[PDB]
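S.K.: Sharing a structure with you now.
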Amino acid sequence: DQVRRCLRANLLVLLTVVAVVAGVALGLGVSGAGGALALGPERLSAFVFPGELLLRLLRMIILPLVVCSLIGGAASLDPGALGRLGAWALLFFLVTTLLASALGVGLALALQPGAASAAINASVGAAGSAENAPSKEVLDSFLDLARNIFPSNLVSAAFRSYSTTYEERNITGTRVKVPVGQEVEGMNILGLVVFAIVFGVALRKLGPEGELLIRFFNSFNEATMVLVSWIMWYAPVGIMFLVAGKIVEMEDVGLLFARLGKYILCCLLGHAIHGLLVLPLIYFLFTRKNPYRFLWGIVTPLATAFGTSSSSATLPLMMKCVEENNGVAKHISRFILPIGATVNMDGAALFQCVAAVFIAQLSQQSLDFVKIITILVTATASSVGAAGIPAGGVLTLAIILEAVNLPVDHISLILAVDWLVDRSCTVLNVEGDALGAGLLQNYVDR
Amino acid sequence: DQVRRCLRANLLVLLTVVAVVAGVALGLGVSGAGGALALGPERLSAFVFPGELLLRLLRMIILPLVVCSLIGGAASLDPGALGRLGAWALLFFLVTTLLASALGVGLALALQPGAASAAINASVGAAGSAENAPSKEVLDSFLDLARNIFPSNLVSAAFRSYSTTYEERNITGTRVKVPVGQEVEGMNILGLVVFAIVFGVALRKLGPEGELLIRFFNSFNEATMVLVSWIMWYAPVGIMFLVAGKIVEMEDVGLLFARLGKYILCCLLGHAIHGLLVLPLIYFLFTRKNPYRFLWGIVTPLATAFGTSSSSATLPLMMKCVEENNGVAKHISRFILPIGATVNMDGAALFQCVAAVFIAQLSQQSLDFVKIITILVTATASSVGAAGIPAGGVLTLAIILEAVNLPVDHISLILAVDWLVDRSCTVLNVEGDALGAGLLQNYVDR
Amino acid sequence: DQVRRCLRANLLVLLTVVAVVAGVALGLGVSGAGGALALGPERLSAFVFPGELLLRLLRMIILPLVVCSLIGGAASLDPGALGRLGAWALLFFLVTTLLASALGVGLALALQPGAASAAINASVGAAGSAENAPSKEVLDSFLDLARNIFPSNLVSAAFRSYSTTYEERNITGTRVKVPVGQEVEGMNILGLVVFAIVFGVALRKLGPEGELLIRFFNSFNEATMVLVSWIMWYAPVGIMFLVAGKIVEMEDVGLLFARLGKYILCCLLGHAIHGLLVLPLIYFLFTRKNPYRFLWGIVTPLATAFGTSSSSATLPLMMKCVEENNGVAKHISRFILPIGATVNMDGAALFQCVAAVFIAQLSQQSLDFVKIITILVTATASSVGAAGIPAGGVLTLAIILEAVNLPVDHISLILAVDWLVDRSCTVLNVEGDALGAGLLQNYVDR
Ligand SMILES: *[C@@H]1O[C@H](CO)[C@@H](O)[C@H](O)[C@H]1NC(C)=O
Ligand SMILES: *[C@@H]1O[C@H](CO)[C@@H](O)[C@H](O)[C@H]1NC(C)=O
Ligand SMILES: *[C@@H]1O[C@H](CO)[C@@H](O)[C@H](O)[C@H]1NC(C)=O
């Protein structure tokens, strides 16, 4: 019939979502047959490997993609039009992140997740084990991000970022701390974006002298998009083992719900309202077109983000699916998506704002109005250079709580349920710019 | 006369082999005049340096050669012909390595190197000094190689590979070990081969759009082959100091022979039979042509392998000498030699199989038939990703002995005679693919 | 009037030198209002940051500049003319460094900086804190530099150099030390220069086959020079915070003068005589043209060197200002300046020679004539690969003093006044080759 007509023509849509429900089904099946203790750590890592091979194999594409697509992108058009394009671009992610994070305030205020339950049983959450975090100061973090932009060595910017630590070497008579930088390991995605855009304007500022080299990076981009076409077919195999691997690791019974499940129901709902009902309403108001036609065409990287739980490890999947399944130009789509991959971490900002209210709803705190705007503007500003580190939501939450001087006594309670909720973060994180990609397609016609 | 006619026209053949006998002559001359103690470690490293400068200066060529020649190679012809070419290729190294390693079994079985001699005086071999090796588990090693293929960061794949260690951090109540990866330093040659072939097909899959970039990497390959032409003339100077440097370092008297010299006579003979009598017989059976005409034309990298004692540090020397001194096409020779440099370590597999029989010939062990095929199939499979580390034959021998549960009580006896026998490994290691290069030249005519 | 005519047309000359006097004015103003203790280390690093952002942002340009300009430079002309050009080039920096360092001998001999003052009060200088330096041996340092030329991995040559340390692992019965190399972090500028020149000849040795790739690196150089045009305008903002940052850090009162100020008056005068009176006299003798017309046109990188206090972090500023403000050809100026940035550290050699006389003028030492030529030829030879490390003058002074066996008992006295005098080193260091750039412009006409 015609049911097999839409079956073959939408195979990637069908094969991906049948895999993510297979991972939950396989994951609960192994936990029902004993679990990780039934297998042991010998045969455990062999089970989680063929999914973990995908998350490794996909990250090697973004170094010859991000630094190569921006030069081919941001050299076709005029620099005055680019600053015209960049002004509407950078304004869009800022308004989205403020509106998403303020949604997390009132959703967590008018629900009270600090309920008389096992959530207020947080005496198990302290545990005296990993209390003394590094927890860098709030001035040094925003100082670090500006230093992380414009990297020191350009080859060093491909695998190691810049960070800062603290040394207690002042035993002069006053035991005070001093900062020192050591360049810990993790890919500096933000540092290479700001180079390639600045380098891309310089070819445009040259005349026909740089006509050879703009054709070079245009071609080098194009073969990579052929190479990522083959990666997409392995992605239904990998996500089946990402989800099923993670279920076996953590004890997902008794602590999933019935201990703090009011909080998980709160923060998933914040990801449910924003991006699925809020961002399509913004897209409908500017385009007067059906957003769910546009949203269905990019369903494969959204399920990939729920597999990988990484925002930057779905960027090549998104750049293909927006370009092919929906009508966008090449240069205008292969420009806004890399820069809009590491500046608009609003699903983090939705997560990071609620959890700070969550521990303040308990333990009797009084954030009436002055603390609300400080906890709003700091979360939308800290969520810029939060790309490389895996548990960035836990690490950058301490600098929120220090600047609004709330108790950080049990941050371990937000931890160990963040394999699930931050997995929903990257779904919403890569969803905003993709709608923002098609939003700029509207009035680029005029 | 005409003796000076063949002298000038075969200068590289004459000048190289007169240097390797000069290194043995110079090395025994310094050891006769006291030795390393007569010079002291101050003036010692100045003596070994101008050879060690060659082994450093040569390795910097293989990064813009391996990743550049494969793209220019594996993009001219069809992908269906490539998989046709790769199937005969990958089958050839597997049959060669099995036939070479099984030759080591019967040569070590029907000679009994565990003789009533100073070889069974292994009480000096234990010494209680470096017994507790890391000695990674046999599942984790083949898990590591698949993870070492498809590297994480492509810039990180140029100088640091991936490995795995063990941490004892499980003091939960059961003191068990856990694996963790840390990316130790050493060039990931295997990780870059599998990228450049996959990247090379992607240009072929593009039409005339990638016509610019295939001409780029074709040219970038060509200037490097001009640059390696100048390196070849320094090679008779360097090998004179590699050999003469190594003789002064180790005490080469009394322990060379007359302690375990039956073993060295056994394993050099295995390198003597295979590759000099076995591999020419295979080449004669498929080509009906004189193999020693072909074997004499590549005598300069074979003596370079006996100098450098490194398989991958003779690849640019081999790619020139096969292309010029013998009749092969450029694209078919500059493709099979990089991929056949890090997959066919059969001289290691000849070494690694005999030494496991050697310590089992002594200490009264009973490998009748079941242990023979396990010690055969594991040695031919572990010898794939053994490129970067210098003492790979000693390190990967422990994972052979664990999987066939033989005593590893004196592995230090195989050590400290491995400067000589593994120096004969790289001779046979780079000899197989060069014969395999001309073997594919036969029926590429049809 | 016409005073505003020369104001706008020489804005970079005016705006740069008004900033360096603003940094001394701002720096003494903050130290007068308490100082660093008045601010505290919290708000201290925020004050020194916008200057430190310049020194970071500028270093990322020299990797796609040094390795790219030399190939485009050293491939236009003939290799016989290049060796003709390189012979006059390498002779010029050697004669300059000998003449500059011998000027430091007689200026320090016939002034006696070891005066009966607080300089001979060096009992505060010992302090028993950091006496046990690594202080590598004099043979191993020149062995290290030759090994640092021709790097191991070409990607590894972009951010980590090679060095050597010492391990005490010989507890055989004689407690002696052994060298071992570990590749500490710092950009290998010298290792990439010697590759790109050798690689640049190889394109010239090819005919029209490499005509594509020489046009590639010619274009890739050109867009970088457009990119450094924008960096120059930020440089008056940065140098205002480099100088004012450094004044607040060190206690610049009482120890600046009146403790060892005879020495600082001696070594600044050596930088004052050479390069301002000696090198223009050499330039006048070969060109018969006004050197101060030529010297005024490059005043902006000279003040940048006094800001950054780094020789290699002014190379892109110098390559533009020589090319535009003065009449030189592009290929002959974008070749001699990178190779003449890391071979002619004569301002270091002026510094490093006087300080060794300085501690020998005190403590009653007898360098009559034999020690004078050894302290002269070693300082002009050690000052080759001294690029990457910040405090290279302190570190390489110990290998001078060991080879002329003077007491190293207070090397900390030369330290902590080296923020000022080595800041004058990089002024004279980048001044010699720029005069040498225009010196080769004279008889390139014939
Ligand atoms: C949790 O809180 C309830 C009351 O809300 C209390 O009865 C119970 O003992 C607490 N602890 C646990 C482990 O359930
Ligand atoms: C080595 O073995 C021989 C017997 O073959 C014996 O005579 C000799 O003492 C042994 N040497 C040592 C050091 O044990
Ligand atoms: C420094 O030297 C002067 C001599 O001019 C002497 O008066 C003073 O006591 C010395 N100070 C110290 C701390 O040695």
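Residue names in the structure tokens use chain letters A, B, ... in the order shown, residue numbers from 1 in each chain, and ligand numbers from 1 in the order shown.
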What residues in chain B have any atom no more than 10 Å from chain A when counting only C-alpha atoms, and can you write them as a PyMOL selection string?

M.R.: chain B and resi 137+139-140+143+146-147+149-157+176-179+195+198-206+209-213+216

S.K.: For the selection just defined, write its residues with N, CA and C atoms to a file, as a compact mmCIF listing (two decimals), in the first residue's frame.

M.R.:
```
# COMPACT_ATOMS: atom_id res chain seq x y z
N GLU B 137 45.03 -6.44 30.36
CA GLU B 137 44.32 -7.68 30.13
C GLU B 137 44.03 -7.89 28.65
N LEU B 139 41.40 -8.84 26.95
CA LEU B 139 40.21 -8.24 26.36
C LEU B 139 40.40 -6.75 26.15
N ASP B 140 41.08 -6.09 27.08
CA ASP B 140 41.22 -4.65 27.02
C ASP B 140 42.17 -4.22 25.92
N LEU B 143 40.20 -4.38 22.77
CA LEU B 143 39.26 -3.29 22.91
C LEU B 143 39.95 -1.95 22.67
N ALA B 146 40.56 -1.19 18.69
CA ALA B 146 39.37 -0.70 18.00
C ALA B 146 39.05 0.72 18.41
N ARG B 147 39.34 1.07 19.66
CA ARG B 147 39.15 2.45 20.09
C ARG B 147 40.26 3.33 19.56
N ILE B 149 41.67 2.93 16.51
CA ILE B 149 41.06 3.27 15.23
C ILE B 149 39.93 4.25 15.51
N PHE B 150 39.68 5.18 14.56
CA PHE B 150 38.76 6.31 14.66
C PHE B 150 39.09 7.18 15.87
N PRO B 151 40.12 8.01 15.79
CA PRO B 151 40.58 8.75 16.96
C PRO B 151 39.59 9.81 17.40
N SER B 152 39.81 10.32 18.61
CA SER B 152 38.90 11.30 19.19
C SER B 152 39.06 12.66 18.51
N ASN B 153 40.24 13.25 18.60
CA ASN B 153 40.54 14.50 17.92
C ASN B 153 41.57 14.24 16.84
N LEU B 154 41.37 14.86 15.68
CA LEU B 154 42.22 14.55 14.54
C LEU B 154 43.59 15.19 14.67
N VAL B 155 43.67 16.34 15.34
CA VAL B 155 44.97 16.93 15.61
C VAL B 155 45.69 16.16 16.71
N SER B 156 44.93 15.67 17.69
CA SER B 156 45.50 14.81 18.73
C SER B 156 45.97 13.47 18.19
N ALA B 157 45.49 13.05 17.03
CA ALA B 157 45.92 11.79 16.45
C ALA B 157 47.29 11.86 15.81
N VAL B 176 39.12 -4.43 43.77
CA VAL B 176 39.21 -4.79 42.36
C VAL B 176 39.68 -3.57 41.58
N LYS B 177 40.12 -3.83 40.35
CA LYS B 177 40.72 -2.81 39.50
C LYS B 177 39.70 -2.30 38.49
N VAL B 178 39.94 -1.08 38.01
CA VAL B 178 39.04 -0.45 37.04
C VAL B 178 39.91 0.14 35.93
N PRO B 179 39.50 0.04 34.67
CA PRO B 179 40.28 0.66 33.60
C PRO B 179 39.98 2.14 33.43
N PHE B 195 41.49 7.21 8.57
CA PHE B 195 40.79 8.43 8.21
C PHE B 195 41.03 8.80 6.75
N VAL B 198 39.13 6.78 4.20
CA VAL B 198 37.72 7.15 4.22
C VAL B 198 37.53 8.55 3.65
N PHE B 199 38.46 9.45 3.94
CA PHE B 199 38.38 10.78 3.37
C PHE B 199 38.71 10.77 1.88
N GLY B 200 39.55 9.83 1.45
CA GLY B 200 39.91 9.77 0.04
C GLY B 200 38.80 9.26 -0.84
N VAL B 201 37.94 8.39 -0.31
CA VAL B 201 36.79 7.92 -1.07
C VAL B 201 35.79 9.05 -1.25
N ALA B 202 35.69 9.94 -0.26
CA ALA B 202 34.70 11.01 -0.30
C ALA B 202 34.99 12.03 -1.40
N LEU B 203 36.26 12.21 -1.77
CA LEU B 203 36.55 13.06 -2.92
C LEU B 203 36.17 12.36 -4.22
N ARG B 204 36.40 11.05 -4.29
CA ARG B 204 36.00 10.27 -5.45
C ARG B 204 34.48 10.22 -5.59
N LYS B 205 33.76 10.21 -4.47
CA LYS B 205 32.31 10.22 -4.52
C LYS B 205 31.79 11.56 -5.01
N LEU B 206 32.49 12.64 -4.71
CA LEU B 206 32.21 13.90 -5.37
C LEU B 206 32.67 13.85 -6.82
N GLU B 209 33.66 18.65 -8.41
CA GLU B 209 33.72 19.66 -7.37
C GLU B 209 35.00 19.55 -6.56
N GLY B 210 35.43 18.32 -6.27
CA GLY B 210 36.65 18.12 -5.51
C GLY B 210 37.87 17.95 -6.39
N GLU B 211 37.79 18.44 -7.63
CA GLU B 211 38.92 18.32 -8.54
C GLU B 211 40.08 19.22 -8.12
N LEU B 212 39.78 20.33 -7.45
CA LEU B 212 40.83 21.20 -6.94
C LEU B 212 41.61 20.51 -5.83
N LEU B 213 40.92 19.87 -4.90
CA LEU B 213 41.58 19.43 -3.68
C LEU B 213 42.36 18.14 -3.90
N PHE B 216 45.58 19.22 -5.01
CA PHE B 216 46.34 19.81 -3.92
C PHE B 216 47.17 18.75 -3.20
```

S.K.: Which residues of chain A have any atom within 12 Å of an atom in ligand 1 when counting only C-alpha atoms and all ligand atoms, and what is the closest pair of atoms for each, with the distance in Å to one decimal? Order the rows by chain and rising number and write it as CSV.

M.R.:
```
residue,atom,partner,partner_atom_place_in_ligand_line,distance
A:114,CA,ligand 1,5 (O),11.7
A:115,CA,ligand 1,5 (O),9.1
A:116,CA,ligand 1,5 (O),5.6
A:117,CA,ligand 1,5 (O),4.8
A:118,CA,ligand 1,1 (C),4.7
A:119,CA,ligand 1,1 (C),7.9
A:120,CA,ligand 1,2 (O),7.0
A:121,CA,ligand 1,1 (C),5.0
A:122,CA,ligand 1,1 (C),8.7
A:123,CA,ligand 1,11 (N),8.6
A:124,CA,ligand 1,13 (C),8.1
A:125,CA,ligand 1,13 (C),11.2
A:254,CA,ligand 1,14 (O),11.0
A:255,CA,ligand 1,13 (C),11.3
A:258,CA,ligand 1,14 (O),10.0
A:259,CA,ligand 1,14 (O),8.6
A:260,CA,ligand 1,1 (C),11.2
```

S.K.: Neighbours of residue 374 (chain C) within 12 Å (only C-alpha atoms; same-chain residues fewer than 4 positions away dropped), as a list in words?

M.R.: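 Residues meeting the cut-off are residues 101, 102, 105, 353, 356, 367, 368, 369, 370, 378, 379, 380, 381, 382, 399, 400, 401, 402, 403, 404 and 405 of chain C.
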
S.K.: Could you pull out the residues in region 16-168 of chain A that DSSP calls strand (DSSP E or B) from the backbone, as a list in words?

M.R.: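 Listing strand (DSSP E or B) positions across region 16-168 of chain A yields residues 160, 165, 166, 167 and 168 of chain A.
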
S.K.: Write a file of the just-selected residues containing C-alpha atoms, as an mmCIF file, in the first residue's frame.

M.R.:
```cif
data_model
loop_
_atom_site.group_PDB
_atom_site.id
_atom_site.type_symbol
_atom_site.label_atom_id
_atom_site.label_comp_id
_atom_site.auth_asym_id
_atom_site.auth_seq_id
_atom_site.Cartn_x
_atom_site.Cartn_y
_atom_site.Cartn_z
ATOM 1 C CA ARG A 160 42.971 21.916 25.166
ATOM 2 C CA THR A 165 42.787 26.880 39.498
ATOM 3 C CA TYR A 166 43.855 28.111 42.923
ATOM 4 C CA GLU A 167 47.120 27.720 44.817
ATOM 5 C CA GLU A 168 47.576 28.343 48.549
#
```

S.K.: Distance CA of residue 244 (chain C)-CA of residue 426 (chain C), one decimal place?

M.R.: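 CA of residue 426 (chain C) lies at a distance of 18.2 Å from CA of residue 244 (chain C).
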
S.K.: Could you name the residues that touch region 82-92 of chain B at 10 Å or less, counting only C-alpha atoms, but leaving out those on the same chain fewer than 5 positions away, as a list in words?

M.R.: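 Residues near the query, excluding close chain neighbours: residues 74, 75, 76, 77, 97, 201, 332, 336, 339, 340, 343, 344, 432, 433, 436, 437, 439, 440 and 444 of chain B.
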
S.K.: Let me see the file: selected residues, N, CA, C and O atoms, as an mmCIF file, in the first residue's frame.

M.R.:
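For reference, out.cif as written:
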```cif
data_model
loop_
_atom_site.group_PDB
_atom_site.id
_atom_site.type_symbol
_atom_site.label_atom_id
_atom_site.label_comp_id
_atom_site.auth_asym_id
_atom_site.auth_seq_id
_atom_site.Cartn_x
_atom_site.Cartn_y
_atom_site.Cartn_z
ATOM 1 N N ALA B 74 44.155 6.797 -2.831
ATOM 2 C CA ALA B 74 42.823 6.196 -2.815
ATOM 3 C C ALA B 74 41.738 7.200 -3.177
ATOM 4 O O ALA B 74 40.747 7.364 -2.472
ATOM 5 N N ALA B 75 41.931 7.886 -4.294
ATOM 6 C CA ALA B 75 40.876 8.676 -4.901
ATOM 7 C C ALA B 75 40.929 8.651 -6.413
ATOM 8 O O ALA B 75 40.025 9.195 -7.048
ATOM 9 N N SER B 76 41.960 8.059 -7.010
ATOM 10 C CA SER B 76 42.018 7.962 -8.460
ATOM 11 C C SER B 76 41.037 6.920 -8.974
ATOM 12 O O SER B 76 40.259 7.185 -9.897
ATOM 13 N N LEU B 77 41.048 5.733 -8.378
ATOM 14 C CA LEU B 77 40.287 4.613 -8.893
ATOM 15 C C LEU B 77 38.923 4.511 -8.209
ATOM 16 O O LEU B 77 38.585 5.285 -7.312
ATOM 17 N N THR B 97 51.241 -13.621 7.708
ATOM 18 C CA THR B 97 51.560 -13.585 9.131
ATOM 19 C C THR B 97 51.290 -14.933 9.792
ATOM 20 O O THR B 97 52.044 -15.356 10.677
ATOM 21 N N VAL B 201 37.942 8.386 -0.308
ATOM 22 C CA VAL B 201 36.793 7.920 -1.071
ATOM 23 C C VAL B 201 35.792 9.049 -1.253
ATOM 24 O O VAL B 201 35.155 9.161 -2.309
ATOM 25 N N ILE B 332 49.453 2.772 -7.159
ATOM 26 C CA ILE B 332 49.286 1.446 -6.584
ATOM 27 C C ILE B 332 50.406 1.118 -5.603
ATOM 28 O O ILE B 332 50.251 0.208 -4.778
ATOM 29 N N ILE B 336 49.543 0.825 -1.033
ATOM 30 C CA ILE B 336 49.655 -0.437 -0.313
ATOM 31 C C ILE B 336 50.761 -0.381 0.736
ATOM 32 O O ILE B 336 50.676 -1.054 1.767
ATOM 33 N N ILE B 339 49.433 1.342 4.276
ATOM 34 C CA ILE B 339 48.506 0.445 4.955
ATOM 35 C C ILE B 339 49.186 -0.883 5.263
ATOM 36 O O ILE B 339 48.836 -1.556 6.239
ATOM 37 N N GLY B 340 50.210 -1.245 4.496
ATOM 38 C CA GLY B 340 50.946 -2.459 4.761
ATOM 39 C C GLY B 340 52.186 -2.201 5.584
ATOM 40 O O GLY B 340 53.125 -2.997 5.572
ATOM 41 N N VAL B 343 50.086 -3.215 9.630
ATOM 42 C CA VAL B 343 49.088 -4.263 9.788
ATOM 43 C C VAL B 343 49.753 -5.633 9.696
ATOM 44 O O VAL B 343 49.162 -6.650 10.077
ATOM 45 N N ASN B 344 50.993 -5.680 9.222
ATOM 46 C CA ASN B 344 51.640 -6.946 8.897
ATOM 47 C C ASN B 344 52.923 -7.161 9.680
ATOM 48 O O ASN B 344 53.932 -7.610 9.135
ATOM 49 N N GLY B 432 58.045 -7.703 3.838
ATOM 50 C CA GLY B 432 56.905 -8.456 3.340
ATOM 51 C C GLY B 432 56.017 -7.642 2.417
ATOM 52 O O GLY B 432 55.632 -8.105 1.340
ATOM 53 N N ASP B 433 55.683 -6.420 2.827
ATOM 54 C CA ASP B 433 54.791 -5.584 2.033
ATOM 55 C C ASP B 433 55.444 -5.103 0.746
ATOM 56 O O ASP B 433 54.744 -4.852 -0.242
ATOM 57 N N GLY B 436 54.870 -7.694 -1.372
ATOM 58 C CA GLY B 436 53.453 -7.588 -1.645
ATOM 59 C C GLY B 436 53.098 -6.420 -2.536
ATOM 60 O O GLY B 436 52.046 -6.443 -3.180
ATOM 61 N N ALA B 437 53.951 -5.398 -2.582
ATOM 62 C CA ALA B 437 53.719 -4.281 -3.487
ATOM 63 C C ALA B 437 53.889 -4.716 -4.934
ATOM 64 O O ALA B 437 53.024 -4.453 -5.777
ATOM 65 N N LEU B 439 53.741 -7.752 -5.936
ATOM 66 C CA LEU B 439 52.823 -8.848 -6.214
ATOM 67 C C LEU B 439 51.512 -8.327 -6.781
ATOM 68 O O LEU B 439 50.905 -8.971 -7.644
ATOM 69 N N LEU B 440 51.059 -7.168 -6.314
ATOM 70 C CA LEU B 440 49.845 -6.578 -6.857
ATOM 71 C C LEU B 440 50.079 -5.919 -8.203
ATOM 72 O O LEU B 440 49.115 -5.634 -8.918
ATOM 73 N N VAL B 444 47.449 -6.310 -11.856
ATOM 74 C CA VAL B 444 46.841 -5.012 -12.131
ATOM 75 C C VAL B 444 46.936 -4.687 -13.613
ATOM 76 O O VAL B 444 46.233 -3.791 -14.099
#
```

S.K.: What lies within 8 Å of region 385-394 of chain A using only C-alpha atoms, ignoring chain neighbours under 2 positions off, as a PyMOL selection string?

M.R.: chain A and resi 145+186-190+310-312+342-343+345+348+351-352+382-383+396-398+411+414-415+422

S.K.: Can those selected residues be exported to a file as a short mmCIF file (atom, residue, chain, number, x, y, z; two decimals), in the first residue's frame so that it contains N, CA and C atoms?

M.R.:
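Below is the file that was written, selection29.cif:
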```
data_model
loop_
_atom_site.label_atom_id
_atom_site.label_comp_id
_atom_site.auth_asym_id
_atom_site.auth_seq_id
_atom_site.Cartn_x
_atom_site.Cartn_y
_atom_site.Cartn_z
N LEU A 145 36.49 33.21 30.48
CA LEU A 145 35.83 33.06 29.19
C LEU A 145 36.36 34.06 28.17
N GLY A 186 40.33 19.62 26.70
CA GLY A 186 38.97 19.77 26.23
C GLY A 186 38.95 20.73 25.06
N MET A 187 38.12 20.47 24.06
CA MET A 187 38.23 21.19 22.80
C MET A 187 37.69 22.61 22.92
N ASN A 188 38.50 23.57 22.48
CA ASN A 188 38.16 24.99 22.53
C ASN A 188 37.33 25.33 21.30
N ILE A 189 36.03 25.04 21.39
CA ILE A 189 35.16 25.29 20.25
C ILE A 189 34.90 26.78 20.09
N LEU A 190 34.72 27.49 21.21
CA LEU A 190 34.47 28.92 21.16
C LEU A 190 35.68 29.69 20.66
N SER A 310 25.25 15.52 24.52
CA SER A 310 26.26 16.53 24.27
C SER A 310 25.76 17.48 23.20
N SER A 311 25.88 18.78 23.46
CA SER A 311 25.35 19.77 22.54
C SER A 311 26.19 19.86 21.27
N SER A 312 27.51 19.90 21.43
CA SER A 312 28.40 20.07 20.29
C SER A 312 28.61 18.79 19.50
N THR A 342 27.31 27.16 20.59
CA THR A 342 28.07 27.38 21.82
C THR A 342 27.80 28.77 22.40
N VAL A 343 26.62 29.33 22.18
CA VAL A 343 26.34 30.62 22.78
C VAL A 343 24.95 30.62 23.41
N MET A 345 23.16 28.08 25.28
CA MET A 345 22.88 26.91 26.10
C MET A 345 21.76 27.24 27.10
N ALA A 348 20.45 24.30 29.36
CA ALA A 348 21.24 24.37 30.58
C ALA A 348 20.73 25.47 31.49
N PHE A 351 17.76 24.41 33.17
CA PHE A 351 18.14 23.48 34.23
C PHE A 351 18.80 24.20 35.39
N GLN A 352 19.77 25.07 35.08
CA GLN A 352 20.62 25.67 36.10
C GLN A 352 19.86 26.68 36.94
N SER A 382 26.51 32.93 32.45
CA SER A 382 27.47 31.86 32.64
C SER A 382 27.33 30.78 31.58
N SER A 383 26.15 30.65 30.98
CA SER A 383 25.90 29.62 29.97
C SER A 383 26.34 30.10 28.59
N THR A 396 29.03 24.62 36.97
CA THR A 396 28.68 26.03 36.90
C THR A 396 27.50 26.39 37.78
N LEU A 397 26.93 25.44 38.52
CA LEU A 397 25.86 25.81 39.44
C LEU A 397 26.42 26.40 40.72
N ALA A 398 27.64 26.02 41.10
CA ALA A 398 28.24 26.54 42.32
C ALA A 398 28.56 28.03 42.20
N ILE A 411 24.90 19.84 47.06
CA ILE A 411 24.87 19.90 45.61
C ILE A 411 24.91 18.50 45.03
N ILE A 414 21.47 17.27 43.38
CA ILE A 414 21.27 17.59 41.97
C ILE A 414 22.12 16.68 41.11
N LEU A 415 23.31 16.33 41.59
CA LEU A 415 24.12 15.31 40.95
C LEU A 415 23.45 13.95 41.13
N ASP A 422 19.99 16.38 32.30
CA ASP A 422 20.89 17.05 31.36
C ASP A 422 20.91 16.34 30.02
#
```

S.K.: Any idea what's packed within 9 Å of residue 12 (chain B), counting only C-alpha atoms, ignoring anything in its chain fewer than 5 positions away? Could you give it as a VMD selection string?

M.R.: chain B and resid 17 232 to 233 236 300

S.K.: Tell me, which residues of region 289-413 of chain C carry DSSP helix (DSSP H, G or I), written as a PyMOL selection string?

M.R.: chain C and resi 291-296+299-308+312-325+330-339+346-361+370-377+379-382+392-395+397-402

S.K.: What does the distance from CA of residue 245 (chain C) to CA of residue 349 (chain C) come to in Å, to one decimal?

M.R.: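 One can read the CA of residue 245 (chain C) to CA of residue 349 (chain C) distance as 26.8 Å.
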
S.K.: Using only C-alpha atoms for the distances, tell me which of B:94, B:37, B:192, B:430 is nearest to residue 148 (chain B).

M.R.: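 Closest candidate: B:192.
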
S.K.: Which distance in Å separates CA of residue 429 (chain B) and CA of residue 9 (chain B), to one decimal?

M.R.: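 Value for the CA of residue 429 (chain B)-CA of residue 9 (chain B) distance: 27.9 Å.
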